[PDB]
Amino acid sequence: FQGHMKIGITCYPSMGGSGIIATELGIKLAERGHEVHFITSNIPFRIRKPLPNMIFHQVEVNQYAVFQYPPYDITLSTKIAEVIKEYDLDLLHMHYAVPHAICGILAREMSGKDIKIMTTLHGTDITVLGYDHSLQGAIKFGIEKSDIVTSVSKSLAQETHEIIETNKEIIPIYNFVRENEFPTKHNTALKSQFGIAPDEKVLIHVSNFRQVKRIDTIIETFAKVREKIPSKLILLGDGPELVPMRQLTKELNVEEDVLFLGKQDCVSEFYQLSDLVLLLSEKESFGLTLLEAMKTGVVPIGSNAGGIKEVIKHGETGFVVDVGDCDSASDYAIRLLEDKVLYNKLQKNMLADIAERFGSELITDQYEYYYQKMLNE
């Protein structure tokens, strides 16, 4: 270890798992005593306590009458460059090849200092290219001009090499949750408040309600489970598929047993009253909602898309089914909700496995290691 580092972090602090990961990583590094600078647009964050060595820099992105589009990329690069000059930063940690790796590359030019840049891929660069190949060259450049590139799963590293066609080494470093924010415990005080009887089994799904999440499979799965087991499906979040999914609960005549609770700041309290977590996505590079529930003690059922099959060990820590397979998913779910022996076995394997592979201290050490490798090249 070469020691204390001055670190600039850029992400979208309010978008999905990537914003949580980048913020919590920054907090962990700050608690060890690194000097951590966040540089994001005018978007809020979740920071429990102020630390003298952790600063949130925020830039306002305004169109004037001069620009055709609000100049996010240039405004953010300028701000990062100003933080580099003012605080003599050692390195940048950018989340996403676009826009943020390019923003860091531009900021290094604007700052005059040859700062090192780590870029972490979360899968959004693959998503973008599924709609539109305009940014293919930018994604490739942001990957190849970063000093080190990481990915939140091995599946994502392989898919990136396929789709972007680069020989750049991509280092898989998994996601983590902060153990103190997700106590392994089970509560029922909140269960009554939301109209769930103590003898009802609770299935939970937490997402942005995009089509890629296949909440249609989740609701189809729940309807089959509901036939055999009195239960509730809790859906946390909001997004594009909200209304189609609400109508699907009426077609399957399960409307009174599906609770659309909206967006929640404190998801751990809802995991604590849950029995099963579902993530049946078509594409998923990691699936932070699974690890959050698993850390709480909730056993997972996932699809075999992307990194979900790295998070869940099929048959040991939970179950993995094919994308779209509501028959198998409801079979596994009914078993787990009937069979305390299976549930307790997977749950105890799961709590041990996530501590060995996804511990916040272990993962921070991995990131910190590659920070110093960058600085010594």
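We number the residues from 1 along the sequence you see.
Taking the PDB entry as given, 182-190 carries the higher mean Cα B factor of the two stretches 182-190 and 260-268. Taking the PDB entry as given, 239-247 carries the higher mean Cα B factor of the two stretches 239-247 and 94-102.
Ranking 110, 121, 229, 206 by the C-alpha B-factor listed in the PDB entry places 229 at the top. Looking at the C-alpha B-factors along this chain, the one for residue 135 belongs to the lowest third. When the modelled residues of the chain are ordered by C-alpha B-factor, residue 14 sits in the highest third. Among all modelled residues in its chain, residue 218 ranks in the middle third by Cα B-factor.
Placement of the Cα temperature factor of residue 200 within the chain: highest third of the modelled residues, per the deposited record.
The entry lists a Cα temperature factor for residue 64 that places it in the highest third of the chain's modelled residues.
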